[PDB]
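Note: the block below is query_3.txt and it holds compact mmCIF, C-alpha atoms and all ligand atoms.
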# COMPACT_ATOMS: atom_id res chain seq x y z
CA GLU A 3 -27.70 27.69 41.48
CA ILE A 4 -24.87 26.44 43.66
CA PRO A 5 -26.43 27.37 47.03
CA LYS A 6 -24.63 29.60 49.47
CA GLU A 7 -24.04 26.71 51.90
CA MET A 8 -22.14 24.82 49.19
CA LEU A 9 -20.04 27.77 48.07
CA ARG A 10 -18.84 28.34 51.61
CA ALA A 11 -18.14 24.61 52.00
CA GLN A 12 -16.03 24.79 48.83
CA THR A 13 -14.14 27.81 50.12
CA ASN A 14 -13.64 26.13 53.50
CA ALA A 15 -12.34 23.06 51.66
CA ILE A 16 -9.89 25.18 49.60
CA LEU A 17 -8.50 27.04 52.62
CA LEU A 18 -7.84 23.88 54.63
CA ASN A 19 -6.11 22.09 51.78
CA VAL A 20 -3.96 25.14 51.06
CA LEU A 21 -2.86 25.28 54.71
CA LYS A 22 -2.36 21.51 54.62
CA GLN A 23 0.35 22.13 52.04
CA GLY A 24 2.09 24.77 54.15
CA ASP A 25 1.68 27.77 56.42
CA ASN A 26 0.41 30.82 54.53
CA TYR A 27 -0.97 34.35 54.77
CA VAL A 28 -4.26 35.51 53.26
CA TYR A 29 -2.98 37.42 50.23
CA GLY A 30 -0.65 34.52 49.44
CA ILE A 31 -3.51 32.02 49.67
CA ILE A 32 -5.62 34.11 47.30
CA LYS A 33 -2.71 34.52 44.90
CA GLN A 34 -1.86 30.79 44.99
CA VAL A 35 -5.47 29.70 44.38
CA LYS A 36 -5.80 32.15 41.48
CA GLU A 37 -2.60 30.66 40.02
CA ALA A 38 -3.71 27.07 40.50
CA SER A 39 -6.92 27.97 38.60
CA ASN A 40 -5.32 29.99 35.76
CA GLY A 41 -6.86 33.18 37.05
CA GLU A 42 -10.33 31.66 37.14
CA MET A 43 -10.82 31.47 40.92
CA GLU A 44 -10.49 34.81 42.74
CA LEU A 45 -11.30 34.05 46.36
CA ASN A 46 -13.30 36.73 48.19
CA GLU A 47 -11.12 38.27 50.87
CA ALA A 48 -14.09 39.15 53.08
CA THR A 49 -15.20 35.53 52.98
CA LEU A 50 -11.82 34.26 54.10
CA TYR A 51 -11.86 36.34 57.28
CA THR A 52 -15.21 35.05 58.52
CA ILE A 53 -14.17 31.46 57.78
CA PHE A 54 -10.78 32.01 59.46
CA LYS A 55 -12.46 33.40 62.59
CA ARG A 56 -14.56 30.23 62.77
CA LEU A 57 -11.66 27.86 62.13
CA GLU A 58 -9.58 29.63 64.81
CA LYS A 59 -12.52 29.35 67.22
CA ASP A 60 -12.67 25.59 66.63
CA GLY A 61 -8.92 25.18 67.08
CA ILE A 62 -8.56 24.06 63.48
CA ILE A 63 -6.00 26.72 62.51
CA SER A 64 -3.67 28.91 64.55
CA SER A 65 -1.78 32.06 63.65
CA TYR A 66 1.53 33.79 64.30
CA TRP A 67 3.31 36.97 63.23
CA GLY A 68 6.12 36.96 60.72
CA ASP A 69 8.15 39.45 58.71
CA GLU A 70 8.80 41.66 61.76
CA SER A 71 12.54 41.80 61.18
CA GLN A 72 11.99 44.16 58.25
CA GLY A 73 9.74 46.52 60.20
CA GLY A 74 6.43 44.95 59.23
CA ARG A 75 4.04 42.45 60.78
CA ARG A 76 2.10 39.91 58.71
CA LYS A 77 -0.25 37.28 60.10
CA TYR A 78 0.49 33.68 59.07
CA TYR A 79 -1.90 30.76 59.50
CA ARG A 80 -1.10 27.13 60.24
CA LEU A 81 -3.18 23.96 60.10
CA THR A 82 -3.14 22.47 63.61
CA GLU A 83 -3.26 18.79 64.61
CA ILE A 84 -6.96 19.29 65.34
CA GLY A 85 -7.25 20.68 61.82
CA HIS A 86 -5.52 17.63 60.32
CA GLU A 87 -7.92 15.40 62.22
CA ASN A 88 -10.92 17.41 61.05
CA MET A 89 -9.84 16.85 57.43
CA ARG A 90 -9.43 13.10 58.09
CA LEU A 91 -12.87 12.97 59.67
CA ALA A 92 -14.38 14.86 56.76
CA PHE A 93 -12.80 12.43 54.31
CA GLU A 94 -13.88 9.38 56.33
CA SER A 95 -17.47 10.53 56.90
CA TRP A 96 -17.91 11.53 53.27
CA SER A 97 -16.56 8.10 52.22
CA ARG A 98 -19.14 6.50 54.57
CA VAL A 99 -21.96 8.63 53.08
CA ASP A 100 -20.83 7.80 49.53
CA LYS A 101 -20.71 4.08 50.36
CA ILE A 102 -24.32 4.23 51.57
CA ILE A 103 -25.37 5.74 48.24
CA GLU A 104 -23.38 3.14 46.27
CA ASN A 105 -25.06 0.41 48.32
CA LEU A 106 -28.49 1.93 47.51
CA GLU A 107 -27.83 1.94 43.76
CA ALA A 108 -26.88 -1.73 44.03
CA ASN A 109 -29.83 -2.80 46.19
CA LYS A 110 -32.12 -1.06 43.70
CA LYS A 111 -30.34 -2.96 40.89
CA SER A 112 -30.33 -6.46 42.42
CA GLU A 113 -34.07 -6.23 43.15
CA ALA A 114 -34.67 -5.81 39.39
CA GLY B 1 -12.52 20.68 68.24
CA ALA B 2 -12.06 18.29 65.36
CA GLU B 3 -15.56 16.80 64.98
CA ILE B 4 -17.64 17.07 61.81
CA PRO B 5 -19.41 20.44 62.10
CA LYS B 6 -23.17 20.81 61.87
CA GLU B 7 -22.91 22.39 58.40
CA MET B 8 -21.15 19.34 56.93
CA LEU B 9 -23.48 16.90 58.73
CA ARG B 10 -26.41 18.74 57.16
CA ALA B 11 -24.69 18.69 53.77
CA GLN B 12 -24.12 14.93 54.12
CA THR B 13 -27.72 14.32 55.10
CA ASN B 14 -28.93 16.50 52.20
CA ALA B 15 -26.66 14.58 49.88
CA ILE B 16 -28.10 11.22 50.95
CA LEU B 17 -31.75 12.32 50.70
CA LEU B 18 -31.40 13.99 47.29
CA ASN B 19 -29.49 10.99 45.93
CA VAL B 20 -32.30 8.70 47.14
CA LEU B 21 -34.77 10.91 45.26
CA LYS B 22 -32.48 11.02 42.21
CA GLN B 23 -32.86 7.24 42.00
CA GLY B 24 -36.68 7.54 42.04
CA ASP B 25 -39.62 9.43 43.60
CA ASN B 26 -40.15 8.10 47.13
CA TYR B 27 -41.98 8.57 50.45
CA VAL B 28 -40.49 9.22 53.89
CA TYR B 29 -40.88 5.76 55.41
CA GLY B 30 -39.56 4.16 52.24
CA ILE B 31 -36.53 6.45 52.18
CA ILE B 32 -35.78 5.67 55.84
CA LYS B 33 -36.14 1.96 55.15
CA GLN B 34 -33.86 2.08 52.11
CA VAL B 35 -31.16 4.10 53.89
CA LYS B 36 -31.36 1.74 56.88
CA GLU B 37 -30.74 -1.26 54.60
CA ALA B 38 -28.02 0.44 52.51
CA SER B 39 -26.22 1.28 55.80
CA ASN B 40 -26.47 -2.29 57.15
CA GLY B 41 -28.98 -1.32 59.84
CA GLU B 42 -26.75 1.39 61.31
CA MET B 43 -28.36 4.58 59.98
CA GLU B 44 -32.05 4.71 60.86
CA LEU B 45 -33.10 8.29 60.21
CA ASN B 46 -35.89 9.79 62.27
CA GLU B 47 -38.95 10.85 60.29
CA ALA B 48 -38.87 14.31 61.99
CA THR B 49 -35.42 15.04 60.54
CA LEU B 50 -36.70 14.27 57.03
CA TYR B 51 -39.72 16.51 57.50
CA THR B 52 -37.44 19.34 58.61
CA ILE B 53 -35.14 18.97 55.61
CA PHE B 54 -37.93 18.41 53.10
CA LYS B 55 -39.81 21.48 54.30
CA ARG B 56 -36.76 23.59 53.42
CA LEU B 57 -36.03 21.77 50.15
CA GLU B 58 -39.66 22.15 49.03
CA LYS B 59 -39.65 25.85 49.90
CA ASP B 60 -36.49 26.29 47.79
CA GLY B 61 -38.02 24.47 44.80
CA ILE B 62 -35.51 21.63 44.89
CA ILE B 63 -38.18 18.94 45.53
CA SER B 64 -41.96 18.79 45.32
CA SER B 65 -44.58 16.40 46.72
CA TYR B 66 -47.67 14.63 45.46
CA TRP B 67 -50.09 11.98 46.73
CA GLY B 68 -50.10 8.36 45.63
CA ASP B 69 -53.25 6.22 45.29
CA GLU B 70 -54.65 3.97 48.03
CA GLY B 73 -55.42 1.20 53.25
CA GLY B 74 -53.63 4.55 53.28
CA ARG B 75 -52.24 7.10 50.82
CA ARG B 76 -48.54 7.97 50.82
CA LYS B 77 -47.02 11.39 50.20
CA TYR B 78 -44.38 11.09 47.48
CA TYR B 79 -41.43 13.44 47.00
CA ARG B 80 -39.62 14.14 43.76
CA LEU B 81 -36.52 15.97 42.66
CA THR B 82 -37.59 18.93 40.54
CA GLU B 83 -35.98 19.99 37.27
CA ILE B 84 -34.19 22.68 39.29
CA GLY B 85 -33.15 20.01 41.77
CA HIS B 86 -31.63 17.88 39.01
CA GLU B 87 -29.80 20.89 37.55
CA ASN B 88 -28.50 21.82 41.01
CA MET B 89 -26.93 18.37 41.33
CA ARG B 90 -25.14 18.79 38.01
CA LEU B 91 -23.95 22.29 38.96
CA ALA B 92 -22.76 20.85 42.28
CA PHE B 93 -20.90 18.02 40.61
CA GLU B 94 -19.29 20.40 38.15
CA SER B 95 -18.21 23.01 40.72
CA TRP B 96 -16.83 20.45 43.21
CA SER B 97 -14.91 18.82 40.37
CA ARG B 98 -13.40 22.24 39.55
CA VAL B 99 -12.59 22.89 43.24
CA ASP B 100 -10.93 19.48 43.60
CA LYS B 101 -8.77 20.01 40.49
CA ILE B 102 -7.61 23.38 41.81
CA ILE B 103 -6.29 21.71 44.96
CA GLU B 104 -4.80 18.90 42.89
CA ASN B 105 -2.97 21.54 40.84
CA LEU B 106 -1.65 23.20 44.00
CA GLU B 107 -0.39 19.82 45.30
CA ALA B 108 1.25 19.12 41.94
CA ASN B 109 2.83 22.58 41.78
CA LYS B 110 4.01 22.10 45.37
CA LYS B 111 5.56 18.76 44.43
CA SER B 112 7.33 19.77 41.21
CA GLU B 113 8.72 22.92 42.86
CA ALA B 114 10.36 20.83 45.60
CA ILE B 115 12.44 19.39 42.76
CU CU A 201 -11.80 16.95 49.99
CU CU A 202 -22.92 13.80 45.16

Since I need it in another form, could you write the structure as structure tokens?
Ligand SMILES: [Cu+2]
Ligand SMILES: [Cu+2]
Amino acid sequence: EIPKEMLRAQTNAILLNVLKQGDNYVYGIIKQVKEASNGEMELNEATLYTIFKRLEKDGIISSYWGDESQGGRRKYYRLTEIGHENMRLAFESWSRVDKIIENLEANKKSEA
Amino acid sequence: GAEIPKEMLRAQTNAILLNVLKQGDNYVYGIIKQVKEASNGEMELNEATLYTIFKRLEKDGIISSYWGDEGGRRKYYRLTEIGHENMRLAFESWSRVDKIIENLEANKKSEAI
């Protein structure tokens, strides 16, 4: 199986990169990800809300109301500067981890 | 704040340990030694953290353990056939996830035109 920890990490990863490309609202994120995957990836709405609560807690995304001029009120999400840094740190740490593994493969090889 | 959350730190540590075992059955002190050298002395994992992670991985069937021969007798750990398959499933799903975002970036770009 893909364990539950990894599925959530994949969904977290998708949501942050979508918001990196532009402010968005939940149904639009789900629609856009389904489109980018030719209908194959249907994100679970319930799962977005728990992740969004966490990301808002950590200051990684913020929200604001739009579409009020028509008589409605939709919540939009934005990647914050803390969020941009978190993505940079995730890239940099994962590159460090990957380099350690590459080094290990080599050290194993050169011993031979 | 912005720092790497505990979930991702655990995922990164899991990644390292399973990739060490992918490259060959091994024992805790030997894993710690190898990671320390592959990280140019900077990452010296504590044996307790390995025991914590291995207890979980063994419970979930991803690794198993067995004794070597002898002035001591080391406990070896191995990636199971489920563990190997999990790595392939992980590679394949993360590759799909990455391409989805790549598509969204491309779509975003070409629309701007
Ligand atoms: Cu990424
Ligand atoms: Cu990997």

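Residues in contact with ligand CU 202 (chain A) (atom pairs separated by at most 8 Å; only C-alpha atoms and all ligand atoms) are residues 100 of chain A; 15, 19, 89, 92 and 93 of chain B.
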
Task: chain A contacts on chain B, all atoms listed in the file, 10 Å, as a ChimeraX atom specification - done: /B:1-5,7-13,15-17,19-20,23-24,34-40,43,84-85,87-96,98-111

Please write out, as lines of an AutoDock Vina configuration file, where the centre of an axis-aligned box around all listed atoms of stretch 10-20 of chain B lies and how long its edges are, in Å to one decimal, after adding 5 Å on each side.
center_x = -28.2
center_y = 13.7
center_z = 51.5
size_x = 18.2
size_y = 20.0
size_z = 21.2

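In this comparison, which uses all atoms listed in the file, the residue of A:44, A:49, A:21, A:93 approaching ligand CU 201 (chain A) most closely is A:93.
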
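Each of B:97, B:55, B:113, B:63 was compared to ligand CU 201 (chain A) using only C-alpha atoms and all ligand atoms, and B:97 turns out to be the nearest.
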
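What separates atom CA of residue B:60 from atom CA of residue B:79 is a distance of 13.8 Å.
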
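You will find atom CA of residue B:56 at 29.1 Å from atom CA of residue B:73.
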
Task: Nearest residue to ligand CU 201 (chain A) from the set A:26, A:14, A:71, A:82 (distances using only C-alpha atoms and all ligand atoms) - done: A:14

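Counting only C-alpha atoms and comparing B:115, B:27, B:81, B:67, the residue that lies closest to residue B:47 is B:27.
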
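Taking atom CA of residue B:26 and atom CA of residue B:69 as endpoints, the distance between them is 13.4 Å.
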
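Minimum atom-to-atom distances from A:94, A:113, A:25, A:70 to ligand CU 201 (chain A) were compared using all atoms listed in the file, and the lowest value belongs to A:94.
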